[PDB]
Each structure stands twice: as structure tokens, then as C-alpha cells.
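Here the structure is laid out as C-alpha cells; the discussion comes afterwards.
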Amino acid sequence: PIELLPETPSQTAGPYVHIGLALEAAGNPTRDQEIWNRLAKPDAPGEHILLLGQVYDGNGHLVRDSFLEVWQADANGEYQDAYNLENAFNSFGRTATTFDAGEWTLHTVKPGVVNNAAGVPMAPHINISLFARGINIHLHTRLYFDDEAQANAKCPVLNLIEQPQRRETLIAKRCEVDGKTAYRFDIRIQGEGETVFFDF
Amino acid sequence: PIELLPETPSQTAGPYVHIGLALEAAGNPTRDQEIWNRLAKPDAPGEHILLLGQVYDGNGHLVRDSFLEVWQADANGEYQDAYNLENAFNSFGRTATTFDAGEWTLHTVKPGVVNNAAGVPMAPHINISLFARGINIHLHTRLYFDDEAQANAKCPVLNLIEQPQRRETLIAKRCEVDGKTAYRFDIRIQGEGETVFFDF
Amino acid sequence: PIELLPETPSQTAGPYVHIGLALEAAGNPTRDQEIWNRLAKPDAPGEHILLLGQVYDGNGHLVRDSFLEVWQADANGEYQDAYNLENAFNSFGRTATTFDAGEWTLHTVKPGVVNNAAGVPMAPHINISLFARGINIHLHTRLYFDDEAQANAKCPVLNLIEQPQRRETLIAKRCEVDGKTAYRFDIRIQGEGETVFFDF
Amino acid sequence: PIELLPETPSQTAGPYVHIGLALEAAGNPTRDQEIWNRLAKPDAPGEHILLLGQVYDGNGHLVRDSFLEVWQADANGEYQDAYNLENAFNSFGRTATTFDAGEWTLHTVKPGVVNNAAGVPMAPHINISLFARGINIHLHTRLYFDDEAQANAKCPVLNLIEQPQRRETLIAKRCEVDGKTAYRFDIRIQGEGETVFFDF
Amino acid sequence: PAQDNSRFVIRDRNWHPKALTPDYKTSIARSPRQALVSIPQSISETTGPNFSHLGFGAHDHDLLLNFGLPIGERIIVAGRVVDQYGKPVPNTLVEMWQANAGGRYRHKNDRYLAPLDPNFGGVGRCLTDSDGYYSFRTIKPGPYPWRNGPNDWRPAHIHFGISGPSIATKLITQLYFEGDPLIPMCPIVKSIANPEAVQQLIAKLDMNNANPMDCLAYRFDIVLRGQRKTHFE
Amino acid sequence: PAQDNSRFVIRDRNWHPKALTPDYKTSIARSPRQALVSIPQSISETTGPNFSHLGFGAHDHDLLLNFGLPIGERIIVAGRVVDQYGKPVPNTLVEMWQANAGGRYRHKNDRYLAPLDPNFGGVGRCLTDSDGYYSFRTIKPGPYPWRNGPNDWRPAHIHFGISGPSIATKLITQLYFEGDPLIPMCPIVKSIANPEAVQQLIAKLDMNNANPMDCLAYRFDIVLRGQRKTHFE
Amino acid sequence: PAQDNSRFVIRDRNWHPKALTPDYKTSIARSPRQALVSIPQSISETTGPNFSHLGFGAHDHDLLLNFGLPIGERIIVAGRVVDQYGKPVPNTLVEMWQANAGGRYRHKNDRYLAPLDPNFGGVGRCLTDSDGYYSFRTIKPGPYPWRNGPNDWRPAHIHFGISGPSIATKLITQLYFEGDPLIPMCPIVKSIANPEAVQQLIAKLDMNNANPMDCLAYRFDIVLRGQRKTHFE
Ligand SMILES: O=C(O)c1ccc(O)c(F)c1
Ligand SMILES: O=C(O)c1ccc(O)c(F)c1
Ligand SMILES: O=C(O)c1ccc(O)c(F)c1
Ligand SMILES: O=C(O)c1ccc(O)c(F)c1
Ligand SMILES: O=C(O)c1ccc(O)c(F)c1
Ligand SMILES: O=C(O)c1ccc(O)c(F)c1
Ligand SMILES: O=C(O)c1ccc(O)c(F)c1
Ligand SMILES: [Fe+3]
Ligand SMILES: [Fe+3]
Ligand SMILES: [Fe+3]
Ligand SMILES: [Fe+3]
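Chains as they are written, first to last, in the authors' numbering: chain F, 1 to 200; chain D, 1 to 200; chain A, 1 to 200; chain C, 1 to 200; chain R, 301 to 367, 371 to 536; chain M, 301 to 367, 371 to 536; chain O, 301 to 367, 371 to 536.
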């Protein structure tokens, strides 16, 4: 068969990932420009929301050194790749869990619907990548909204999951924070309620 | 790098460990002097206690062929290495589980405090080594006392265990037997409440 | 480590280099355009000087078949790489020693100061490459002027020569020829007064 | 044939030898006890002398980073090996050349006569070991005194040198410094008047 | 906005380290017990951020000046980012972080007794040029002990993060230094079951790129998932 | 004028032949006894002439016409001039000289009894094209005796001179021909201590470049010192 | 006083580097042109200083404490001094010196641009115990550029000086570190013709001797000339 150059092997981000990718968190001075957890500026079109959650290990213990990267469509279901701080909205972001609370937070807007390659619409979702010490290669998941049941019901992606029970591991539970619309998304790396992780 | 002679590889003790190291248990005549489960003679200084426990496999079933070795300081937090049946107290002992009930017992005294290499005090503890069929290489653990919460909180060893909940696994539960001070220490080899095992 | 493709190995120019690089010298008809020993036309800005010298082997005997190539800045301390016979001044030239007298000659202008990579000025100098049979790889040197004692004293390159005595091997001796300003530069390949040669 | 373990190969002492063996010279603070150039306390028996010299390279240039070690008998022709700063006389000493002047000095006494393995007396001499950058493996020499001609004429060691002319190189020339008896011994590593170096 | 015009060669998950590599203790509780769910590639997966307009400081990639001078061996870390087809990945984001010469990290949680270097931060970022070239100027980090086995030491290494053209290409890895005897002993390194794979993580001493009398240089090329056009979809 | 924008990979002095190589008699007295002084690259060393504007004659590179037809094996000597990074060196000066078919040189000092060739000069020059290619048309030189040892013969060879981008790259070498049994016996060849280096000077027969029923062809590529941009200087 | 009761096995001058090793430029002018004169061993040659009574400071062998803490890789350098017969050399003087983590020496003459370390001197001394054992605590020195060829770098090394039982056994050497890629390129290292001899200069990582969570360790044994009694003289 034809074989290409092999892809550089992945390695854990390690415990000090912060110093490299979450300056504030490492408790180090940041630079002028930093990619962080505020994807939407107040005057950004769409329904601003607050995402938050914790990460659990196989023992049900909090992962306080986790690092997450998110990728989403704007409100029009469009991906903004030209990352710029000036931007009212950026499709990409980064967040980490508190060494204490162990919670990550993101400030953005609910993404519009985009279709798959086949042209079939996918329910609004947020692509997430999890990094941390003990994770040799990063985990891929997607966040869905509990208030989008109809759409979710018909997601070409969510339908790929054999067992329905597992699908629910993907739905964020809508709540309110300081009278603001929030959605809680807890990731269980292993065991009971293990979150669906994807390969693509 | 520099390489030394490799250590002789361990092998399981097997089901018949008793013939070699727990004569009575094997149901065989014993020799004149035997290393057993009574570390303290009646007139030994310190608080005389009874230690008891059960061993659990990963299915929650009693491991009835376990063999245990203990090493602890005397009441002054002193390690008595010159082993002798004449002694009032021996720092070393041996115990095993009953084929019936599946409980082991030790008659000793509450050990005194010993400092770590760095000069920091360690909470009162008993060093345990667990052997049995199914165990390729013996398991090392420590028995701490629930009535030493203050000391426990500051144990440089207990503090090395990342998850607070795992520490609980090392704490023996004070009770009474025939009006004698007893501590129960159950070992869970695998699963829910798995006892912490050390490497050193 | 990383290894690039190896440089093509040098070989001696041999005794007949003239046929290739100094047609006149070989006693052969020359081409329309030739690279010779007149770097400057009379109407060239700067102090017009005559350079001359002899080359000596390790026995103190004249090397009558040497081939020299020179590279120098114009009077402004500027390197004129665009070689053209139309030019008033060319930074590059070639000369060779007479089979008789064993002396080479060059017609140029005194080069102006140039700064090293660190911004420090170098004393006026002429970069010389020497070729001949018996010389496997060409020898690199520099010609400085006796009348630039002040500059020479502070040349960063000259100052790299550990032994002050060896620095003097690089200084041309000012003289006059037909009432013209000339400098004599004798190269001693080996032995007593051996000319400093460089590697760069 | 029988082969023993190979001896660890020598390497140049390098230009910073001072740092490890000639503390003052490095321009660094010294320790309480240092091995240096004063073999004899003023109250030591024998004829106190001042030794000095320069070290020349093959070009006739001073070697300003040389390091030397000496070994000599006391005034009675006795080797005092128990080195102690308390002793009036030590058989062993160290010196180095000034980075400026390029001269070394030793404060000792003139050695008494010692016999060779054959019971034959050798002329009074000082054993010298020279180290320096560019010197891969230390050069061994002997310093003899011009005022001991008779003895010198019959030395079994000096007599081993084929050419009488080379014997001369080993003879220190008596002089006076501040009305003090001094002997000057210059070392020529290479070339005209190259000093005899031994192998043993 | 972005468009779904490419497809990315599927990842070879036997090349990369597996999730569960027990010698690396932490992997035990932090690795899934269920199989990953494979899903077709869509716009969600085949696009990613383009950091072309990020505002980079002048010393962003110069660890010697971005935090006097750090103590430690001055080296240039340079190389190229290419895809599996051998195509350069221009204008991509490369972020690195490491410990100092002593193996000490400038992080709260780092309690190793080697001291911090007052002139050393340990973070750099560089966007590859049009030829997929990147470069950093730093100091060779020191190995450091870690609570794994009773005497585990990380080989000297620089942590790396590369964006690539999509979230499908994003990668985090570690760079190791040629000849370091600790490499073969590290349980993290050993999470990679193919020796051949491990070699891809070893930076080669590059004398050609060194600055004489100043600093040495190491070459570290990175390969991301090959990107191809869709066909007969 | 010329600009100090480049650095050139340091020459490997153990790859090139040494100065003192006794079997090559002339080298004894014509080799320095002091070590070469290493100097940092400056504008002086990193620049050199550009011969783009030199007025080359129409048959400068054709030895069959540039001096009747010469007697001898009609050959084409072509190749490419590249640096150690594999980068073509466009518009560079390639100069060659050789003896005739009989090993006779058209030079005063040549007393060999092999006669001169009425139609042969033995000098050529060519400026590399945009891709670093050059070509000459000549006749294969004959070997010839020389006063070295009592029965020394140089293998057939062409003397070559290549300017390159700067005086630091300038080189003089000799092309030898594939299979010449005289190769391994030559004291000049052998001034080069690594046999692998020797291989580099051997032109390969190239039937793909020959003109059927006219002339054969040989291929000789030349590698000049790698040129890099200064960095962190 | 000392007594002539011993003979030392003759040095193998083809094992040790020769005096003239041209690649190491300074050796050119600093090597004799005349052959060494061999002489029989006498009391002059077979005795030497005994440093048993030198008053050593408490931290003479601890470079971490003898000059805050130095920046760099904390290592213990330990080993044994034996003679060629494999007999330990007790109570012998081992002196060492080296650069800091950045390849800079605390010496007037060292002009290298890497900064000095305020907490590091770089000098150590230790007297072997009854089993010929020695140990030093320090930081792994960095490589450093030096004026040889235009781009020479000394591999990281620690200079060593050993007395032994006589002036006949006295030796100065350099310890190198396992796996360092600079080793095979160093002209000083290459002064040693036998690759086997080179190996003897390489300290091996010694995980067994390391202090977990503190410092690594290297093992370097030293073999001095074999000492035997006189016989039938
Ligand atoms: O503890 C870990 O998982 C750990 C420690 C140090 C590293 O450099 C790393 F990548 C991981
Ligand atoms: O059942 C077992 O595990 C078993 C039986 C016999 C042995 O000798 C042994 F080592 C193990
Ligand atoms: O005599 C010489 O040195 C000599 C002769 C012929 C050659 O081709 C050459 F390269 C050298
Ligand atoms: O210049 C030298 O000779 C030199 C420099 C540094 C060293 O470490 C050394 F051993 C020699
Ligand atoms: O990779 C493995 O070893 C692996 C993966 C999933 C499982 O559920 C498991 F038990 C093992
Ligand atoms: O290359 C050599 O062998 C060489 C170079 C310079 C000298 O002075 C010498 F003696 C030998
Ligand atoms: O070892 C050598 O190469 C060596 C020694 C002495 C000499 O005079 C010489 F020319 C060479
Ligand atoms: Fe790390
Ligand atoms: Fe059995
Ligand atoms: Fe020729
Ligand atoms: Fe050194």
C-alpha cells in the first residue's frame, strides 16, 4: 500500500501546560494578545451565554489541570477563522479548570446550525478538545444544548452513537447564572456516564 | 547508563504459603520457635491493642489464603530489629487469614512516632506487606489509626496521596473486642475503595 | 546531527592554471573580455595605487606559478559586485606571478573602511586568495597598509591574531614606483615569517 | 600477551587550569589550604634559592597559561611526601606563568643528591611536569644547576641523553635577585634549543 | 467564513501513544474505557482558526529576551511544519513552553528545589513563514524529577503545540534532545509503542544553523495530518 | 553594492584535502606550518563578484569551435551547481581547462612529447542558467606523466573553477572520469583522505544527454557551501 | 621520607593522544619536535606527594555549596580510582574544575557571552577513601565555543586532575557525558586516536546513585598506571 510521512506523535500536555497556553492561570504575566475564553464581545449578534463545567477522572475526582480548546460557528452558523481580538466574535477560544474550584468557563454565543458534508443539518454544537497531564493524545467531544431537543433528535452526528444513553452524555444542561443564560457541561473521562469521545 | 545485577524476580506465594510461613495454618506441627502474630508480651510498654481485618478481591470476595507481614516501631517510636521470642516486644510479625471467617489478627501495641528522612514526623503507622496466590509481587501498604486524626493530617507520607478520599483507605477504625481496644483494617485489593498500595 | 550534502572537494589548480584563468600568462590568445589585474581605470575615484609582491615556498624559493584573486571595497568602503569592464572600478581582480621575475602586480585604488558584522570598522584591506600547484586548497589572507597604522591598531580581524609579531606579516610596505604610490606584499607560505592565512 | 586495564587517557589541562589548580591566578578567592610555589619556609635547612623562568612555544612566543608541578628532595637528598602546610619543607609544589610577564617562580631549597635504582648518585635536580592548553599530555623535564658541573658530568640520567649539546638545555643558570641566589630555567617546547623531555 | 474543502488523512492511533499506558500512572484514571466513536469529517472538523492577524510581540519567540540573560546553554530551536504529503504549512501557530536550565518550571505548582532563573520565563510562540519555517531562541532545559515511579526523571524536553489548518490537525507533543540517555527510560516517551515513532520526537543537533561563538542549534521538523481535496463525495 | 545578508556553512577541512600530503611532492614546501586563523564572516567574506554582465563569446563554452575539428572523443560535460542545502546557484561562473586527447597542454611550460592539436585550445567558461546548469562541449583529455614519483600519471581530468555567490564559496577542483583505473593511483587524488569525497569528483557517463551518432556525455554536479540567512545575530 | 619500592607499568603513548594533533591548532606550536628521552625509573620518579594531611574544607567537593544555589542540572559525579591491576588507589587527590550551566568559566580570560552564575565557582577537590572512591556534587556544565576552527564547540566536560601514588601516575584529563553529540566532533577529543580510548572518558548516567526528586548522578572510574613491586633488579 502507499504510506505517507508519519504524523508527529502526540504527547501529554503535562501539568504545566498553563505556562504555555494559559498565562493568567500559570500565574504569569500575559502578553499583549492572548487567546482566551471570551469568544463574543457584548455587541456580538446572537444569544450570548455562559458555558461552564468540571472534568472528572475515572475515580470521580476533579481534573484541576485540564486545558480545553473550543471551535464553533457564530450565530449565523458560520465559522470565523480569521482570529482577531478586534473581532466582535471569534469561532475559536481556550479555557482551563481552576486549581481550586476546578471549573472552566467560556463566554460566547449559541452557534447557528451548519450542515454535514452530505448537506444534512447538524444540531447546534461546540467542538471541544481536552488536554491534560495523563492524556497522551487529546480527547475530542462536542457540546449540544438541552433546549435543542428537536434538532438533537435529528443530528446526523449524534445519531452515529449506537446507544442512545451515551448520546445524553453530550447534552449541556441549561441553567441561569446571575440571571444570565448558562449551560453546564461536565466531562467524565472514564467510568459511569463516560462522555462520548470522537475520532475523525 | 550503569547497570547492576538485576534483582531476582518475584513470584506469587501460591495457595500453600502456609506450609512454609504459617505452620499452624497449614494444619502442620510447628517448630520450637515460630514468627507469628504476637508482637507484644503482656508486660510490654505502650497501649496494647488488637488489630483485625479481612482481605477483599476485586469482586468483593474474601481472599482466604492471604499472608501478611508487619513492621512497626515500639511505643517509643523505636524499631526493634533484633528478633527474639524472649523480647517483650518485637517490631516484626506475621499473620494470615482464616480459611473459614477469613480474618487475620495481630496482638501488639500502638507504635510511637518516627521521623522521615527529612526530619518530619510521621503519624503512628504499621507497615504491611500482603502476599497470596494471584499476587505476583507483594503489595505494600500502611495502617494508620482513626484516633490520630491530628497526626494523620500532617503525615508527610499520607500527604503524598493526591486524592484525600484515597487516604481514608489507610485509616483503621477503632472498636473494642472483649473490652480490648481494637482497630479494624480491611484491605480492598481492587475496585470501589481500593486500598492505596505503595512503591518504595 | 543534521548533515547537508558535502561540498565538492578542492583540488590544486596545477601548474597550467594560466591557460584557464590568465590567458596572456599562458602565452595564449585571449578572449574579448577577460578578468585581469586592473581593478580601476584612471578616471576612478580614490587614491590610485600599484600593488606588487612575490610568493615564497618553505625553502625561501620563488613560487613562479602562483595565481591570485583579489576582492576589495571601492574608495567609499563599498563592494562593487556587478563585474563589468565598462565600470570605472571593479572590486574583483586576478593576477599571477611572472615565470621570470616571479612577481605579480595589481592596479587599483585604496579601499575605504568597512565594518564587521558587529558594526566595528576594519582597517582598509584587500582580500586575497592564493592558488598554485602544490596547494590543495586555496590559501586566504588579507593585505593591510603600513600607512594606516592608526586603523590597523584597532582592526577587529587583525586583533584576532594572537601573536602581535604575526600581524606584521599582513602589512604591505609603502613605496613608490615611477613616482607612483606602491605597496609591496610578499607572501611566505611556510617557515620564517610565514604569512598568516585565514579560515572563514 | 597479557593486557591490563588501559590507563585513562590524558587530555589538555586547557586555558582555565588556573581555576582548579592556581586559584589566585584565576583571580578567584582561594581556600584555607592551597598547594603553591613556596616549598620551603625561611627557617628550612639547606641553601634557599629562588627559581624562575619562561616557557616558549615553537615560534619563540611566551606561553602565558602554563602550569607546572615540581618534585624535589630536601637538602639531605630526602623526598618528603607527607605534604603539610605546617612543614618547613615540602618536596612538592605548584607554579604557573604570569599572564602579563609570562614568568613563573618557585621558593625552595637546593636539593641534596639521590641515588638511582643502581645505587649511582644523580646530580641535584628538580623534577618538573608542564601542563598547558595545546599540551595533550604533560611534558616531563628535570632542572639541574650550572654550579654543580662536577656532579652533572657524572649523572646517570644526564648521561642517557645522546647529544651533549641537548644536556645543556637542562641546566639552570645561576644569578642573583635582591641579593638572593636565583636560578633561571627557561623551557623551549619546540625548535632551536628545544628542552629535553623525558618518558618513564 | 471558512469552507469545507479539504479532507484529512485518518490518524493512525497505533502510531500515536494509546490512552492507557499504565507505566505513566496518571493515564490510568484519565483514559476512556469506551471506544472512541468515529465520525465523518464535516466543516466542524476540517476548519480551524488562522492566527495570521494575531498581534505578536517582537520577542515572542525569543526566550532569551522575552521575560539580564538567562543562565544555561544558548540554542536555536528551528525547523519546518509539513503535512503527510510533504506540503509546508505556512502561517501556522507554534507555541512552546519548557523548564529552565535546572529543570525548574515557572509555575505555582512546580515545587522542585532547583531555583528559578530571574531572567527566564519559558514561553514562546511563532507563526511559521510561507515555507512552513519556525524558530525559537532559548536555553536547553534540564531534566526534572516527577512523582511517577520512585526515581522517574523526564528527559530534557520542550513542550510544543501546533495549530495547523484545522482542528483535525491541532497537535500537542514534546521535543527531546539527541543522545539524551534518559529518553529510553521515560514512561511518557514509552507511551509511544513504536521506536520509530519515538525517533520523530528527537531534535537533531544542527551545527549548520549555529551562531559561532554564540549558540548551538537543534532542528525539529513537524509533520501534521496530510490534507487532500474531497473527491467523488 | 554588495550586502552582508548571508552566512556560509563552515568548510569541513577534513573533507577537503589537507595542505600537507607528502606523496604529492610539491605540497611539502607549499603548505603552511602554522594553523589557519579562524575569523568571523563579515561583508568582506560573504560577498563576491557577479559575472552576469561579463561579455561571453558565442563559443566560450564550446572547445570544439573556440580555438578544423580537434581529434579526440567528442563529449559534452554538463551538470548543475548547487549549495549544500540543494539550492541552485544561478548565474555563476564556471571556468575549465584541460589537455588535449594526447594529454598535451597548450602552455609554454608543457614539455610532454605528446603533440599539440592544431584545432584545440583547452579553455572554456559558462555562466550557469536560472536553474544552476552549465554545459561544455570538448574532447576527453588524455592522462599524462608528471615529475612526482618516477612513474606517476594523472588520470584524464578537467580542471574546473566555480565562483558561486561569494569569495567564501569560490572553488578550484578537477573532474575525473568514471572507471579510470588511474584514479586510485594518483597522489593528487589521494590528497583527499575520504574515499567518499573522491566519488564526488567522478563524472558519470550520461547516455541520456548524448547526441546519437555525434557525442557522448558526462554529468558533473558541483556542491558549493550552503548559504543561509543570518539569524539572531 | 619516601622509598623506591615500586615500579609503574610503562605508559602506552599510542593510547594517550600524541603531542602533535594538528586539528587542535594550539598543539602545533606546543609540541616537541624531538623524541622524548626514556629513562629508568628511580626514586625521583616513583614517589610523589601524599595529601592525607591537607586540611580540606567541609564543602571542598560540593560545588553547590562552595562558592543561594547555582542554576543548572544538579548532579553527583562519583567513581573510583584504580591502578591497571584493578587495585584501588586510596587517599589520592582528585581535583576538578568546570564551567557553569551556560558554558561560562569563572576566569578573567573567559570572554564568552554566556553570563556567570552568582552562586557558582566551579572548583572541587576530594581525597579518595580507603576503597579509591570519590564524589563531587555540582551542576552539569554547558558546552562552549572556542577559537579553533570557525565553529568549534567543546562538548560539556569537567576537567580532572589525579595525583596517584607518584609523579609517574599523575594525570590530567577531561570527563565527557554519555550520549553528547558534540563528542565525535571535538578536535581535543579526537587528539585520542583509539575510539576505545575515547570511551574511557565518557561518564555514564548512574540512576542507581541518584537522589530521587533531587539530583541525577554520573559514574566515572579512573585507571592510573599499574603499580607493582620491583623484582630481580
Ligand atoms: O506528571 C506528569 O504527568 C508530567 C510531568 C512533567 C512533564 O513534563 C510532563 F509532560 C508530564
Ligand atoms: O493456584 C495458584 O495460583 C498456584 C498453585 C500452585 C503454585 O505453586 C502457585 F505458585 C500458584
Ligand atoms: O605538477 C603538478 O603539481 C601537477 C601536474 C598536472 C596536474 O594536472 C596537476 F593538477 C598538478
Ligand atoms: O583553547 C583551548 O585549548 C581549550 C579551550 C577550552 C577547553 O576546555 C580546553 F580543554 C582547551
Ligand atoms: O487500550 C486498552 O488497553 C483498553 C481500551 C479500552 C478498554 O475498555 C480496555 F479495558 C482496555
Ligand atoms: O597537517 C599536518 O600534518 C601538519 C600541519 C601543520 C604542521 O606544522 C605540521 F607539522 C603538520
Ligand atoms: O608525532 C609526529 O607526528 C612527529 C613527531 C616529531 C617530529 O619531529 C615530527 F616531524 C612529527
Ligand atoms: Fe514538562
Ligand atoms: Fe507451589
Ligand atoms: Fe592537469
Ligand atoms: Fe574546558
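Think of the CB as a built atom: it goes at the ideal place given N, C-alpha and C, for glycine as much as any other residue.
In this structure, the alpha-carbon of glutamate 162 of chain D lies about 47 Å from that of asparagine 305 of chain R. Of C/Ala25, C/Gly53 and C/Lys41, the smallest CA-CA separation from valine 177 of chain C is found for C/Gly53.
Distances from the CB of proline 453 of chain O to the heavy atoms of ligand 4 are all 7 Å or more. In the three-state DSSP reduction, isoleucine 128 of chain D falls in the strand class (E or B).
Taking non-hydrogen atoms of ligand 10 into account, the C-beta of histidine 61 of chain A is found less than 7 Å away from none of them.
At a threshold of 7 Å, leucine 85 of chain C does not count as near ligand 7, since its beta carbon sits no closer than that to any of the ligand's heavy atoms. When only Cα atoms are considered, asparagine 84 of chain F and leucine 478 of chain O end up about 53 Å apart. Here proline 15 of chain C carries a coil assignment [DSSP, helix/strand/coil]. Taking 7 Å as the Cβ-Cβ cut-off, the segment 475 to 504 of chain O approaches chain A at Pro484, given in chain order. Residue burial is scored here from C-beta neighbours: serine 10 of chain D has fewer than 16 other C-beta atoms within 10 angstroms and is therefore classed as exposed.
Under the Cβ distance rule, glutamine 163 of chain A counts among the residues neighbouring chain C, one pair being separated by less than 8 Å. With 7 Å as the limit, the residues whose C-beta approaches a heavy atom of ligand 2 more closely than that are D/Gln11, D/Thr12, D/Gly14, D/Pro15, D/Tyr16, D/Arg133 and D/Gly134, in chain order. Residue nearest to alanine 132 of chain D within the set D/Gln80, D/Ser66 and D/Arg167 is D/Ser66 (criterion: CA-CA distance). The alpha-carbon separation between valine 492 of chain R and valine 501 of chain R amounts to approximately 7 Å. When DSSP states are grouped into helix, strand and coil, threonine 97 of chain C belongs to the coil group. Relative to the non-hydrogen atoms of ligand 5, the Cβ of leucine 336 of chain R never comes closer than 7 Å to any of them. Among the bridge pairs identified by DSSP, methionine 399 of chain M is matched with M/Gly427 and M/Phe463. Around the beta-carbon of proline 349 of chain R, 16 or more other beta-carbon atoms lie within 10 Å, marking it buried. Spatial neighbours of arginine 166 of chain C in its own chain (CB-CB distance under 7 Å, excluding positions within 5 residues in sequence) are listed in chain order as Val196. Taking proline 317 of chain O as reference, the option from O/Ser327, O/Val309 and O/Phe308 with the minimal CA-CA separation is O/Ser327.
For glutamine 530 of chain O, the beta-bridge partners assigned by DSSP are O/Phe308. Interface annotation, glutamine 530 of chain O: not in contact with chain C, CB-CB separation never under 8 Å. Taking C-beta atoms as the reference points, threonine 476 of chain O and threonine 8 of chain C count as a pair closer than 8 Å. Not one heavy atom of ligand 11 lies closer than 7 Å to the C-beta of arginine 166 of chain C. When the Cα atoms are used, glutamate 192 of chain F and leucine 143 of chain F turn out to be separated by approximately 18 Å.
The segment 4 to 69 of chain D is shown to contain whole beta strand (DSSP E) runs of 3 or more residues at 48 to 56, in chain order. Excluding sequence positions up to five before and after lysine 180 of chain A, its CB lies within less than 6 Å of the CB of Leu50, all in the same chain and listed in chain order. Taking non-hydrogen atoms of ligand 5 into account, the C-beta of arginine 333 of chain R is found less than 7 Å away from one of them.
Relative to ligand 6, the beta carbon of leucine 170 of chain A is positioned no closer than 7 Å to any heavy atom. Counting C-beta pairs closer than 8 Å gives fewer than three between the segment 17 to 34 of chain F and the segment 142 to 161 of chain F, which falls short of the contact rule.
For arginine 142 of chain A, the enclosing beta strand (DSSP E) has its first and last residue at 139 to 145. Separation of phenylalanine 185 of chain D and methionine 488 of chain R (C-alpha to C-alpha, rounded to the nearest whole angstrom) is 37 Å. Closest by C-alpha distance to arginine 330 of chain M, out of A/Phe200, A/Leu39, A/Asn136 and A/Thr108, is A/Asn136. Under the Cβ distance rule, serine 438 of chain R counts among the residues neighbouring chain M, one pair being separated by less than 8 Å.
Contact between the segment 377 to 386 of chain R and the segment 331 to 350 of chain R is absent: fewer than 3 CB-CB pairs across the two stretches fall below 8 Å. Proximity of chain C to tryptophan 315 of chain O at the Cβ level (cut-off 8 Å) is accounted for by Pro6, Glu7 and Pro9, in chain order.
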